[PDB]
Amino acid sequence: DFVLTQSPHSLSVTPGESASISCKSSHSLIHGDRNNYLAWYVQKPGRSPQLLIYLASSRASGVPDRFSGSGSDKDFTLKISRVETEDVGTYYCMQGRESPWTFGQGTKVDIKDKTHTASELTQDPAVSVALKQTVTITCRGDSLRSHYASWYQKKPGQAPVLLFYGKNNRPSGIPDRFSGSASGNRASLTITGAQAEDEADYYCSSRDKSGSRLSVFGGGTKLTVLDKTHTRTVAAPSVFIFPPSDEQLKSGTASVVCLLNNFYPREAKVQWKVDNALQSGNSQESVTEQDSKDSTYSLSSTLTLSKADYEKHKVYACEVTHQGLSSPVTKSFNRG
Amino acid sequence: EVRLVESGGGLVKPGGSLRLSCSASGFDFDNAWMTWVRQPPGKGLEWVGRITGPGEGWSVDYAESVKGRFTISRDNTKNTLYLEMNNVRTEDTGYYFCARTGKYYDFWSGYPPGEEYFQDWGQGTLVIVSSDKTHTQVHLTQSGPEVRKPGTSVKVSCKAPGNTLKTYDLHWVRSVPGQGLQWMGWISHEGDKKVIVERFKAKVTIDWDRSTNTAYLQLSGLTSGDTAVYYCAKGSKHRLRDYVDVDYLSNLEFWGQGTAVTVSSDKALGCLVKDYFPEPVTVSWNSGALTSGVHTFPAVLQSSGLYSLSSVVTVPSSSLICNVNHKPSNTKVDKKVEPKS
């Protein structure tokens, strides 16, 4: 496929001003007789995605003329003069020339307030560290002279998870790679072990002024992971298949597993044949990481069924459709 | 055990009013402090208010950009929390979470107001304040919000009244939070092309029953990564023949309302560790000796609630004990594998 590049990633401009977003593509988006297949859409939050501009610069019906697109070839631009209130939303660009017609990343647009723009807890937003490395996120404030700070992990569209609070108090379930420290007017949160799932927003919470009944959050910090690839060799898996043990057949369950040992790329489609027929809700999987000894992955596809349903059929199949592999290397089972 | 959910969130005109409801269960709500926290879209969290406990006097403290306008109250009988938003502005638009507030105060040194921290959080309701009517362009209606157990089959409907629009090509687009928009598939109004993206080509099915002007979207094999809102959009195109017609997308004009679907994640042989109550368990091979190609697999939460992870290792064909130890449940499980028939 061929994708787009949407930048700048986010803008916070004053009302009445002008703003501009640029959308860059891999290859061209032009046909004959001077056409440009690219559209601009706004998703004002909650409301459905709204169409503003289509086919390069053509303005849609009902859209105000302050919206206007430009650009050609592979780089386009969209300008909105006299930005007002409900222009808030994530603006996207969509190509219509190359199938499958894909989207962009989106530009979350915000209105600058210029009123009380003094976050009591200072917190720099851009932080990035390499994989399996250490990084420390700091928080500053006048109230930190006599108060601690709590730390929270915020993944978009989910509940924020409390990570650390107080002197040395860490909740259960929360991994122990998170550690909280403080000194002077500063409070820190250090993630010693770098994992990919730690990529999210991070907020520090404490008081505002020394001696105040209120609490205040920081500006937020978007942590970014910098994972590498090691060796990207399209490598075939090694497929086995195991039957449910007889010790498991003296209970009420019976699971069938399928193994894929040390492969690449990550993509692999496993289709179960309960009896030369697919499954509709009884199969789960699990995968390890790059073993750092061969930099390849793994797979463990489990097919859990009740014992009254296991001894029903006689030929299960684990189908492995890969990229390095060409044919469905299938593994079946019997009982003798 | 702690369940926090918010409701009452919708759309209110600027200057109107809306009551938010946060139902709690799983702890002692009578003596627990509660805090409201909001987050505008694409921005940062902001402390809104907090209500104290019984002996603490039920006193409430608000933020400056909220004081006097909003109002927080609690009802310890229904175990619910309310935030009454009056004289609402275009600045109060964003997610609204409720959280069980913690009272941290170091004992031996001893200070005056200490700190407040938030232990458990709710999934968050959304409040939108931007006037409009949202119903003047409802030429495309979809199905109600569905909730499915992980792995079921859900069918999303998309219908125009009677026989409204057709010359536009049907498209399906998913809206993932933070990830942005993502094209899924389409059916040409001529009916000769029904293209689905190679990514969604596994579980998704696109159908168009033209006898009643209704579009379908079948979603089997539901995973926790598909929790998103599904929109159907009909748009124009430009077609010109070659050797086999070729189509070029013009735009996506008429959009649907958006069906929100949520899957409830809350409401060489080897060994297997199945049905153990707390995560996690460690597996060392041959009393900590075998490490060549040891592939211990991570754990997953199965339908029973307990975890179940695999642990295998590649063995040569000439040589033809997994020391598992689950301490947070008092179970020493050393075992050895052997085939039999």
# chains A, B, ... in the order shown; residues from 1 in each chain; ligands from 1
>>> interface_residues(of="chain B", to="chain A", cutoff="7 Å", atoms="only C-alpha atoms", output="number ranges by chain")
B: 42, 44-47, 61, 113-119, 121-124, 130, 151-152, 177-178, 180-183, 197, 221, 248-251, 253, 255-258, 297-298, 341
>>> write_last_selection(atoms="N, CA and C atoms", output="compact mmCIF listing (two decimals), in the first residue's frame")
# COMPACT_ATOMS: atom_id res chain seq x y z
N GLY B 42 -8.01 15.89 22.87
CA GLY B 42 -6.66 16.20 22.44
C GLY B 42 -5.88 17.09 23.37
N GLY B 44 -5.14 18.08 27.92
CA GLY B 44 -4.75 17.47 29.17
C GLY B 44 -5.88 17.44 30.18
N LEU B 45 -5.67 16.63 31.22
CA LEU B 45 -6.63 16.53 32.31
C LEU B 45 -6.68 17.83 33.10
N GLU B 46 -7.83 18.08 33.72
CA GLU B 46 -8.03 19.28 34.53
C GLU B 46 -8.91 18.94 35.72
N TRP B 47 -8.42 19.25 36.92
CA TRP B 47 -9.17 18.99 38.14
C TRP B 47 -10.39 19.90 38.20
N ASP B 61 -15.22 21.51 47.16
CA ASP B 61 -14.27 22.51 46.68
C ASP B 61 -14.19 22.40 45.16
N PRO B 113 -2.39 20.44 54.80
CA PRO B 113 -3.43 19.92 53.90
C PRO B 113 -3.05 18.65 53.16
N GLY B 114 -1.78 18.26 53.17
CA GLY B 114 -1.36 17.04 52.50
C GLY B 114 -1.66 17.08 51.01
N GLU B 115 -1.93 15.90 50.45
CA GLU B 115 -2.20 15.75 49.03
C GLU B 115 -3.43 14.89 48.82
N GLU B 116 -3.98 14.97 47.61
CA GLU B 116 -5.09 14.14 47.17
C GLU B 116 -4.68 13.40 45.91
N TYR B 117 -4.95 12.09 45.88
CA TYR B 117 -4.68 11.27 44.71
C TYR B 117 -5.92 10.43 44.39
N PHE B 118 -5.99 9.98 43.15
CA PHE B 118 -7.19 9.33 42.61
C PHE B 118 -6.87 7.88 42.29
N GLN B 119 -7.55 6.96 42.98
CA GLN B 119 -7.20 5.55 42.90
C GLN B 119 -7.83 4.88 41.68
N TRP B 121 -10.73 4.84 38.49
CA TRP B 121 -11.32 5.78 37.54
C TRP B 121 -12.45 5.12 36.77
N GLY B 122 -13.39 5.95 36.31
CA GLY B 122 -14.44 5.49 35.43
C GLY B 122 -14.06 5.63 33.97
N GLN B 123 -14.81 4.93 33.11
CA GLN B 123 -14.49 4.94 31.69
C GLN B 123 -14.74 6.30 31.05
N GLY B 124 -15.58 7.14 31.66
CA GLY B 124 -15.75 8.51 31.21
C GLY B 124 -16.90 8.74 30.26
N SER B 130 -22.20 22.85 21.70
CA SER B 130 -21.92 23.56 20.45
C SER B 130 -23.19 23.88 19.66
N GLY B 151 -15.72 -12.22 20.86
CA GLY B 151 -15.83 -13.39 20.00
C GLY B 151 -17.20 -13.59 19.36
N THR B 152 -18.20 -12.79 19.69
CA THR B 152 -19.55 -12.97 19.15
C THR B 152 -19.61 -12.36 17.74
N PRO B 177 -10.38 5.55 18.75
CA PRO B 177 -9.95 6.70 19.57
C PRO B 177 -8.43 6.86 19.54
N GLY B 178 -7.99 8.06 19.18
CA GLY B 178 -6.57 8.35 19.11
C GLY B 178 -5.91 7.88 17.83
N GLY B 180 -7.38 7.63 14.89
CA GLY B 180 -7.88 8.35 13.74
C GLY B 180 -8.83 7.51 12.91
N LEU B 181 -9.21 8.08 11.77
CA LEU B 181 -10.12 7.39 10.87
C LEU B 181 -9.37 6.33 10.07
N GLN B 182 -10.13 5.37 9.53
CA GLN B 182 -9.54 4.23 8.84
C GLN B 182 -10.58 3.65 7.89
N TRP B 183 -10.23 3.55 6.61
CA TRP B 183 -11.16 3.02 5.62
C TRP B 183 -11.20 1.50 5.70
N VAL B 197 -10.40 -3.99 2.55
CA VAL B 197 -8.97 -3.87 2.81
C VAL B 197 -8.42 -5.21 3.29
N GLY B 221 -15.61 -12.71 15.06
CA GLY B 221 -14.32 -12.76 15.71
C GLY B 221 -13.95 -11.45 16.37
N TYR B 248 -12.29 5.67 -9.29
CA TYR B 248 -11.52 6.63 -8.51
C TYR B 248 -12.48 7.37 -7.58
N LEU B 249 -12.18 7.34 -6.28
CA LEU B 249 -13.09 7.91 -5.30
C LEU B 249 -13.10 9.43 -5.38
N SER B 250 -14.30 10.01 -5.43
CA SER B 250 -14.45 11.46 -5.46
C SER B 250 -14.48 12.03 -4.04
N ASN B 251 -15.40 11.56 -3.21
CA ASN B 251 -15.55 12.05 -1.85
C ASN B 251 -16.46 11.08 -1.09
N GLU B 253 -19.80 11.91 0.90
CA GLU B 253 -20.71 13.02 1.16
C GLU B 253 -21.58 12.76 2.38
N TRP B 255 -22.88 11.08 5.52
CA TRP B 255 -22.40 10.20 6.57
C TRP B 255 -23.55 9.75 7.47
N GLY B 256 -23.37 8.60 8.10
CA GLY B 256 -24.33 8.08 9.04
C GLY B 256 -24.14 8.67 10.42
N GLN B 257 -24.88 8.11 11.38
CA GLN B 257 -24.78 8.58 12.76
C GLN B 257 -23.59 7.96 13.49
N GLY B 258 -23.29 6.70 13.21
CA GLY B 258 -22.18 6.03 13.85
C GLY B 258 -22.59 5.05 14.93
N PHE B 297 5.28 -18.40 26.92
CA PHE B 297 4.35 -17.47 26.31
C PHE B 297 3.62 -16.65 27.37
N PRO B 298 3.25 -15.41 27.04
CA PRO B 298 2.50 -14.58 27.98
C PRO B 298 1.11 -15.16 28.26
N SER B 341 0.16 -43.73 24.42
CA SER B 341 -0.94 -44.17 23.56
C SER B 341 -1.24 -45.65 23.77
>>> residues_around(residues="residue A:249", least_positions_apart="6", cutoff="10 Å", atoms="only C-alpha atoms", output="MDAnalysis selection string")
chainID A and resid 255 306:308 310:311
>>> select_by_dssp(residues="stretch 20-145 of chain A", states="strand (DSSP E)", output="PyMOL selection string")
chain A and resi 20-25+38-43+50-54+58-59+67-72+75-81+89-95+107-111+126-130+135-140
>>> residues_around(residues="residue B:92", least_positions_apart="4", cutoff="10 Å", atoms="only C-alpha atoms", output="ChimeraX atom specification")
/B:14,38-40,65-66,85,88,96,127-129
>>> residues_around(residues="residue B:290", least_positions_apart="4", cutoff="12 Å", atoms="only C-alpha atoms", output="list in words")
residues 283, 284, 285, 286, 294, 295, 296, 312, 313, 314, 315, 321, 322 and 323 of chain B
>>> write_last_selection(atoms="C-alpha atoms", output="PDB file, in the first residue's frame")
ATOM      1  CA  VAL B 283       8.219 -21.240  34.270  1.00  0.00           C
ATOM      2  CA  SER B 284      11.879 -22.297  34.412  1.00  0.00           C
ATOM      3  CA  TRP B 285      13.004 -25.289  32.353  1.00  0.00           C
ATOM      4  CA  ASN B 286      14.951 -28.170  33.934  1.00  0.00           C
ATOM      5  CA  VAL B 294      12.983 -21.301  25.477  1.00  0.00           C
ATOM      6  CA  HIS B 295       9.695 -19.685  24.416  1.00  0.00           C
ATOM      7  CA  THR B 296       7.538 -19.118  27.484  1.00  0.00           C
ATOM      8  CA  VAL B 312       7.420 -24.558  25.056  1.00  0.00           C
ATOM      9  CA  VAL B 313      11.006 -25.033  23.873  1.00  0.00           C
ATOM     10  CA  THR B 314      12.603 -26.365  20.694  1.00  0.00           C
ATOM     11  CA  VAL B 315      14.234 -29.781  21.165  1.00  0.00           C
ATOM     12  CA  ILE B 321      10.980 -30.988  33.534  1.00  0.00           C
ATOM     13  CA  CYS B 322       9.173 -27.637  33.565  1.00  0.00           C
ATOM     14  CA  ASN B 323       9.604 -26.153  37.049  1.00  0.00           C
TER      15      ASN B 323
END
>>> residues_around(residues="residue A:223", least_positions_apart="2", cutoff="9 Å", atoms="only C-alpha atoms", output="NGL selection string")
:A and (125-129 or 137 or 198-202 or 221 or 225)
>>> write_last_selection(atoms="C-alpha atoms", output="PDB file, in the first residue's frame")
ATOM      1  CA  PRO A 125       5.054  16.994  26.938  1.00  0.00           C
ATOM      2  CA  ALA A 126       7.609  15.550  24.488  1.00  0.00           C
ATOM      3  CA  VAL A 127       9.608  12.634  25.935  1.00  0.00           C
ATOM      4  CA  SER A 128      11.101   9.657  24.082  1.00  0.00           C
ATOM      5  CA  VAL A 129      13.444   6.819  25.061  1.00  0.00           C
ATOM      6  CA  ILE A 137       9.551  12.412  33.506  1.00  0.00           C
ATOM      7  CA  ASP A 198       4.121   2.201  28.283  1.00  0.00           C
ATOM      8  CA  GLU A 199       3.580   4.578  25.330  1.00  0.00           C
ATOM      9  CA  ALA A 200       0.790   6.927  26.461  1.00  0.00           C
ATOM     10  CA  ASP A 201       0.178  10.275  28.144  1.00  0.00           C
ATOM     11  CA  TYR A 202       1.420  10.859  31.690  1.00  0.00           C
ATOM     12  CA  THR A 221       3.606  14.262  28.846  1.00  0.00           C
ATOM     13  CA  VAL A 225       8.876   4.458  22.464  1.00  0.00           C
TER      14      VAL A 225
END
>>> atom_distance(atom1="atom CA of residue B:12", atom2="atom CA of residue B:68")
18.9 Å
>>> residues_around(residues="stretch 183-194 of chain A", least_positions_apart="2", cutoff="7 Å", atoms="only C-alpha atoms", output="PDB file with N, CA, C and O atoms, in the first residue's frame")
ATOM      1  N   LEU A 131      14.047   1.450  23.282  1.00  0.00           N
ATOM      2  CA  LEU A 131      13.513   0.219  23.846  1.00  0.00           C
ATOM      3  C   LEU A 131      14.497  -0.380  24.843  1.00  0.00           C
ATOM      4  O   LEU A 131      15.710  -0.385  24.615  1.00  0.00           O
ATOM      5  N   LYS A 132      13.960  -0.882  25.956  1.00  0.00           N
ATOM      6  CA  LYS A 132      14.759  -1.471  27.032  1.00  0.00           C
ATOM      7  C   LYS A 132      15.775  -0.473  27.584  1.00  0.00           C
ATOM      8  O   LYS A 132      16.927  -0.817  27.859  1.00  0.00           O
ATOM      9  N   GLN A 133      15.346   0.778  27.746  1.00  0.00           N
ATOM     10  CA  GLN A 133      16.165   1.830  28.333  1.00  0.00           C
ATOM     11  C   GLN A 133      15.386   2.493  29.465  1.00  0.00           C
ATOM     12  O   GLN A 133      14.253   2.113  29.775  1.00  0.00           O
ATOM     13  N   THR A 134      16.005   3.495  30.084  1.00  0.00           N
ATOM     14  CA  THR A 134      15.416   4.193  31.216  1.00  0.00           C
ATOM     15  C   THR A 134      15.156   5.651  30.859  1.00  0.00           C
ATOM     16  O   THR A 134      15.897   6.263  30.084  1.00  0.00           O
ATOM     17  N   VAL A 135      14.082   6.200  31.426  1.00  0.00           N
ATOM     18  CA  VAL A 135      13.686   7.580  31.172  1.00  0.00           C
ATOM     19  C   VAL A 135      12.972   8.108  32.407  1.00  0.00           C
ATOM     20  O   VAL A 135      12.308   7.361  33.131  1.00  0.00           O
ATOM     21  N   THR A 136      13.124   9.408  32.653  1.00  0.00           N
ATOM     22  CA  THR A 136      12.537  10.064  33.814  1.00  0.00           C
ATOM     23  C   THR A 136      11.712  11.255  33.356  1.00  0.00           C
ATOM     24  O   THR A 136      12.207  12.109  32.614  1.00  0.00           O
ATOM     25  N   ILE A 137      10.456  11.306  33.795  1.00  0.00           N
ATOM     26  CA  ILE A 137       9.551  12.412  33.506  1.00  0.00           C
ATOM     27  C   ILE A 137       9.387  13.232  34.777  1.00  0.00           C
ATOM     28  O   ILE A 137       9.062  12.687  35.838  1.00  0.00           O
ATOM     29  N   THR A 138       9.607  14.539  34.669  1.00  0.00           N
ATOM     30  CA  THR A 138       9.638  15.434  35.815  1.00  0.00           C
ATOM     31  C   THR A 138       8.392  16.312  35.846  1.00  0.00           C
ATOM     32  O   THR A 138       7.702  16.492  34.838  1.00  0.00           O
ATOM     33  N   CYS A 139       8.112  16.858  37.028  1.00  0.00           N
ATOM     34  CA  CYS A 139       6.983  17.752  37.245  1.00  0.00           C
ATOM     35  C   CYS A 139       7.424  18.852  38.198  1.00  0.00           C
ATOM     36  O   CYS A 139       8.041  18.568  39.228  1.00  0.00           O
ATOM     37  N   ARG A 140       7.112  20.101  37.856  1.00  0.00           N
ATOM     38  CA  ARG A 140       7.547  21.259  38.623  1.00  0.00           C
ATOM     39  C   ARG A 140       6.347  22.061  39.108  1.00  0.00           C
ATOM     40  O   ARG A 140       5.315  22.133  38.434  1.00  0.00           O
ATOM     41  N   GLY A 141       6.494  22.670  40.283  1.00  0.00           N
ATOM     42  CA  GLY A 141       5.437  23.477  40.859  1.00  0.00           C
ATOM     43  C   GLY A 141       5.806  24.098  42.193  1.00  0.00           C
ATOM     44  O   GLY A 141       6.610  23.536  42.944  1.00  0.00           O
ATOM     45  N   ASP A 142       5.220  25.258  42.501  1.00  0.00           N
ATOM     46  CA  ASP A 142       5.510  25.923  43.768  1.00  0.00           C
ATOM     47  C   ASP A 142       4.990  25.123  44.956  1.00  0.00           C
ATOM     48  O   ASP A 142       5.566  25.193  46.048  1.00  0.00           O
ATOM     49  N   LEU A 144       5.064  21.922  45.287  1.00  0.00           N
ATOM     50  CA  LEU A 144       5.886  20.747  45.550  1.00  0.00           C
ATOM     51  C   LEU A 144       6.897  20.969  46.666  1.00  0.00           C
ATOM     52  O   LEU A 144       7.584  20.017  47.051  1.00  0.00           O
ATOM     53  N   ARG A 145       7.006  22.194  47.188  1.00  0.00           N
ATOM     54  CA  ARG A 145       7.874  22.434  48.334  1.00  0.00           C
ATOM     55  C   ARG A 145       7.354  21.743  49.588  1.00  0.00           C
ATOM     56  O   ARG A 145       8.138  21.433  50.492  1.00  0.00           O
ATOM     57  N   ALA A 149       3.308  14.186  44.874  1.00  0.00           N
ATOM     58  CA  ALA A 149       2.681  14.211  43.562  1.00  0.00           C
ATOM     59  C   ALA A 149       2.313  12.796  43.148  1.00  0.00           C
ATOM     60  O   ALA A 149       3.107  11.865  43.315  1.00  0.00           O
ATOM     61  N   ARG A 177       8.291  -1.555  37.194  1.00  0.00           N
ATOM     62  CA  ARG A 177       9.244  -0.702  36.495  1.00  0.00           C
ATOM     63  C   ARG A 177       8.950   0.778  36.703  1.00  0.00           C
ATOM     64  O   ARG A 177       9.817   1.615  36.431  1.00  0.00           O
ATOM     65  N   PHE A 178       7.753   1.116  37.176  1.00  0.00           N
ATOM     66  CA  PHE A 178       7.418   2.494  37.504  1.00  0.00           C
ATOM     67  C   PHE A 178       7.907   2.824  38.907  1.00  0.00           C
ATOM     68  O   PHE A 178       7.691   2.052  39.846  1.00  0.00           O
ATOM     69  N   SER A 179       8.565   3.972  39.048  1.00  0.00           N
ATOM     70  CA  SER A 179       9.116   4.391  40.327  1.00  0.00           C
ATOM     71  C   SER A 179       9.006   5.903  40.448  1.00  0.00           C
ATOM     72  O   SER A 179       9.280   6.630  39.491  1.00  0.00           O
ATOM     73  N   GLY A 180       8.607   6.367  41.625  1.00  0.00           N
ATOM     74  CA  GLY A 180       8.403   7.786  41.885  1.00  0.00           C
ATOM     75  C   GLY A 180       9.431   8.320  42.868  1.00  0.00           C
ATOM     76  O   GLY A 180       9.710   7.692  43.894  1.00  0.00           O
ATOM     77  N   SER A 181       9.990   9.484  42.544  1.00  0.00           N
ATOM     78  CA  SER A 181      10.934  10.175  43.410  1.00  0.00           C
ATOM     79  C   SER A 181      10.609  11.661  43.397  1.00  0.00           C
ATOM     80  O   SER A 181       9.796  12.134  42.598  1.00  0.00           O
ATOM     81  N   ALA A 196       6.830  -1.417  25.216  1.00  0.00           N
ATOM     82  CA  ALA A 196       6.045  -0.743  24.187  1.00  0.00           C
ATOM     83  C   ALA A 196       4.692  -0.280  24.713  1.00  0.00           C
ATOM     84  O   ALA A 196       4.196   0.775  24.299  1.00  0.00           O
TER      85      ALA A 196
END
>>> residues_around(residues="stretch 327-334 of chain A", least_positions_apart="5", cutoff="10 Å", atoms="only C-alpha atoms", output="list in words")
residues 237, 238, 239, 240, 241, 242, 243, 256, 258, 269, 270, 271, 272, 273, 313, 314, 315, 316, 317, 318, 319, 320, 321 and 322 of chain A
>>> write_last_selection(atoms="N, CA, C and O atoms", output="compact mmCIF listing (two decimals), in the first residue's frame")
# COMPACT_ATOMS: atom_id res chain seq x y z
N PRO A 237 7.85 -20.03 10.00
CA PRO A 237 7.69 -20.66 11.31
C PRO A 237 7.87 -22.17 11.22
O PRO A 237 7.90 -22.76 10.13
N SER A 238 7.99 -22.79 12.38
CA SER A 238 8.00 -24.24 12.52
C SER A 238 6.71 -24.67 13.20
O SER A 238 6.48 -24.33 14.36
N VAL A 239 5.87 -25.41 12.47
CA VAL A 239 4.51 -25.69 12.89
C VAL A 239 4.44 -27.10 13.46
O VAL A 239 4.80 -28.08 12.79
N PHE A 240 3.97 -27.21 14.70
CA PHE A 240 3.62 -28.46 15.35
C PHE A 240 2.15 -28.40 15.77
O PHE A 240 1.47 -27.38 15.58
N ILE A 241 1.66 -29.49 16.34
CA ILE A 241 0.29 -29.53 16.86
C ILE A 241 0.23 -30.61 17.94
O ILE A 241 0.79 -31.70 17.79
N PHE A 242 -0.44 -30.28 19.04
CA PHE A 242 -0.55 -31.18 20.18
C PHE A 242 -2.01 -31.47 20.50
O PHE A 242 -2.88 -30.60 20.30
N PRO A 243 -2.33 -32.67 20.97
CA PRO A 243 -3.71 -32.98 21.35
C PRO A 243 -3.92 -32.79 22.84
O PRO A 243 -2.95 -32.67 23.60
N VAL A 256 -6.66 -27.57 22.37
CA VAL A 256 -5.80 -27.96 21.26
C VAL A 256 -4.94 -26.76 20.89
O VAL A 256 -5.46 -25.67 20.62
N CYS A 258 -1.49 -24.95 18.75
CA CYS A 258 -0.74 -24.94 17.51
C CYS A 258 0.42 -23.97 17.65
O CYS A 258 0.22 -22.81 18.04
N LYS A 269 -1.83 -15.74 9.56
CA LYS A 269 -3.26 -15.98 9.70
C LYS A 269 -3.49 -17.45 10.01
O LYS A 269 -3.22 -18.32 9.17
N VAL A 270 -3.99 -17.73 11.21
CA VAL A 270 -4.29 -19.09 11.65
C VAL A 270 -5.79 -19.29 11.61
O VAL A 270 -6.55 -18.54 12.24
N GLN A 271 -6.23 -20.30 10.86
CA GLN A 271 -7.65 -20.63 10.73
C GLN A 271 -7.86 -22.04 11.23
O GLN A 271 -7.24 -22.99 10.73
N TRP A 272 -8.74 -22.20 12.21
CA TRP A 272 -9.02 -23.50 12.80
C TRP A 272 -10.12 -24.21 12.05
O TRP A 272 -11.07 -23.59 11.56
N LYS A 273 -10.00 -25.53 11.95
CA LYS A 273 -11.00 -26.40 11.34
C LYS A 273 -11.49 -27.36 12.42
O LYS A 273 -10.87 -28.39 12.67
N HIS A 313 -15.55 -34.79 17.04
CA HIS A 313 -14.87 -34.83 15.76
C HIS A 313 -13.54 -35.57 15.87
O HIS A 313 -13.03 -35.82 16.97
N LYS A 314 -12.97 -35.91 14.72
CA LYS A 314 -11.76 -36.72 14.67
C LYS A 314 -10.61 -36.07 13.92
O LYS A 314 -9.47 -36.55 14.05
N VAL A 315 -10.84 -35.02 13.13
CA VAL A 315 -9.80 -34.39 12.33
C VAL A 315 -9.90 -32.88 12.52
O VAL A 315 -10.70 -32.21 11.85
N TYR A 316 -9.11 -32.34 13.44
CA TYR A 316 -8.91 -30.90 13.53
C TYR A 316 -7.73 -30.49 12.66
O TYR A 316 -6.86 -31.31 12.33
N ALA A 317 -7.69 -29.22 12.30
CA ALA A 317 -6.64 -28.72 11.42
C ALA A 317 -6.23 -27.32 11.85
O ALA A 317 -7.07 -26.48 12.17
N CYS A 318 -4.92 -27.07 11.84
CA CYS A 318 -4.35 -25.76 12.09
C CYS A 318 -3.72 -25.27 10.79
O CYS A 318 -2.68 -25.78 10.37
N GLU A 319 -4.35 -24.28 10.17
CA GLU A 319 -3.90 -23.75 8.89
C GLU A 319 -3.04 -22.51 9.12
O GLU A 319 -3.46 -21.57 9.80
N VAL A 320 -1.84 -22.52 8.55
CA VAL A 320 -0.88 -21.43 8.70
C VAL A 320 -0.68 -20.79 7.33
O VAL A 320 -0.05 -21.38 6.45
N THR A 321 -1.23 -19.59 7.16
CA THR A 321 -1.07 -18.81 5.94
C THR A 321 -0.10 -17.67 6.23
O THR A 321 -0.45 -16.74 6.96
N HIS A 322 1.10 -17.75 5.67
CA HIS A 322 2.18 -16.81 5.95
C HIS A 322 2.63 -16.13 4.67
O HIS A 322 2.07 -16.34 3.59
>>> atom_distance(atom1="atom CA of residue A:123", atom2="atom CA of residue A:228")
27.5 Å
>>> atom_distance(atom1="atom CA of residue A:14", atom2="atom CA of residue A:80")
12.2 Å
